[PDB]
Amino acid sequence: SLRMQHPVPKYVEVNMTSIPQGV
Amino acid sequence: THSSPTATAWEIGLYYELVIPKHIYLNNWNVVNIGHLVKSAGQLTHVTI
Amino acid sequence: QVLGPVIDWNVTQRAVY
Ligand SMILES: *[C@@H]1O[C@H](CO)[C@@H](O[C@@H]2O[C@H](CO)[C@@H](O)[C@H](O)[C@H]2NC(C)=O)[C@H](O)[C@H]1NC(C)=O
Ligand SMILES: *[C@@H]1O[C@H](CO)[C@@H](O[C@@H]2O[C@H](CO)[C@@H](O)[C@H](O)[C@H]2NC(C)=O)[C@H](O)[C@H]1NC(C)=O
């Protein structure tokens, strides 16, 4: 007997935008 | 000013203050300063305009 | 007396892959 856990790929989309002058 | 059992009379003094506008502004936003972090000669520093 | 850093609030410039 030998139980194991194999990792399987995935992903989450992340958009980013700027803030001119930090305002 | 007069008080009978069948008749009365009163006077009231009202004073009004009317603001006359010069300009009216309708579409407005509030500013929120966030700034920027800077790591300098070991020290972390928050910088703002 | 050295020149110091520059900041311009550009996110794209600081992307790490
Ligand atoms: C969120 O965006 C990700 C991008 O990583 C989407 O991932 C894709 O999903 C499909 C299945 O519908 C896969 O066939 C693709 O290979 C994935 N693309 C990749 C890894 O670039 C994901 O579907 C999106 N999620 C939602 C809930 O819309
Ligand atoms: C913000 O940063 C990005 C990345 O440094 C700049 O976009 C690049 O602009 C040059 C031309 O100046 C192009 O040759 C590159 O292909 C661009 N790279 C990418 C990933 O788009 C951008 O010009 C900077 N400034 C502003 C105001 O957005």
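Going by the header, the method for this PDB entry is cryo-EM, and the resolution given is 10.00 Å.

Q: I'd like to hear about the overall build of chain B, residue by residue, with values.
A: From N to C terminus, chain B includes zero helices and four strands. When the elements of chain B are put in sequence order from the N terminus, they spell out β-β-β-β. Along the three orthogonal principal directions, the C-alpha set of chain B runs to about 90 × 25 × 15 Å. Within chain B, buried positions represent 6% of all 49 residues. Split by element, the accessible area of chain B, about 5,600 Å² in all, is 60% carbon and sulfur.

Q: Quick rundown of the side chain of B:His36? Include the residues and the values.
A: Positionally, B:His36 belongs in strand 3 (residues 36-40). In contact with B:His36, other than residues within four places in its own chain, are B:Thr45, B:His46, B:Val47, C:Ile7, C:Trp9 and C:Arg14.

Q: So what's going on with the environment of B:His46? Which residues, and what values?
A: All names here are of chain B. Topologically, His46 is positioned in strand 4 (residues 43-47). If sequence neighbours within four positions are ignored, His46 has contacts with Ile34, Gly35, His36 and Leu37. There is a polar contact of 2.9 Å between the side chain of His46 and the backbone oxygen of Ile34.

Q: Let's hear about the pairing of strand 4 of chain B: which residues, and what values?
A: All names here are of chain B. For strand 4, a buried count of zero out of five residues is recorded, marking the element as mostly open to its surroundings. Pairing of strand 3 with strand 4 involves five bridges; the strand directions are antiparallel. In the sheet register, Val38 faces strand 4, and the bridge partner there is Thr45. Linking strand 3 back to strand 4 in an antiparallel pair, the connection comprises two residues, with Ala41 at a positive phi of about 45 degrees.

Q: Quick rundown of the site of ligand 2? Include the residues and the values.
A: Residue and element names in this part refer to chain C. All residues in the neighbourhood of ligand 2 are listed as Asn10, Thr12 and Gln13. One of the side-chain nitrogen or oxygen atoms of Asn10 is found 2.4 Å away from an oxygen atom of ligand 2. For ligand 2, whose accessible area on its own is 590 Å², the fraction buried by protein is 19%.

Q: Describe a nonpolar patch on the surface, with residues and values.
A: Residues and elements named next belong to chain B. The grouping of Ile12, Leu14, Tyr16, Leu18 and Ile20 at the surface amounts to a nonpolar patch, some 710 Å² of accessible area in total. Mapped onto the elements of the fold, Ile12 is located in the loop between strand 2 (8-9) and strand 3. Judged by relative accessible area, which is 73%, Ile12 ranks as exposed.

About the criteria used
Residues numbered from 1 in each chain as written, not as in the entry; some residues may be left out. Chains lettered and ligands numbered in written order. Part of a larger assembly, values for the part shown. Heavy atoms only, no water. Helix = DSSP H or I, 4+ residues; strand = E, 2+ residues; numbered from the N terminus. Buried < 20%, exposed > 50% of the residue type's maximum accessible area, 1.4 Å probe, protein only. Areas by Shrake-Rupley, 256 points an atom, 1.4 Å probe, with all protein chains shown as cover. Contact = heavy atoms within 4.5 Å. Polar contact = N/O pair within 3.5 Å; in protein donor to acceptor, adjacent residues only side chain to side chain. Pairing = 2+ DSSP bridges. Near = heavy atom within 4 Å. Patch = residues over 30% accessible without salt bridge, like charges linked within 9 Å, V, L, I, M, F, W, Y side chains within 5 Å. Salt bridge = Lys/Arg side-chain N within 4 Å of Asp/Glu carboxyl O.

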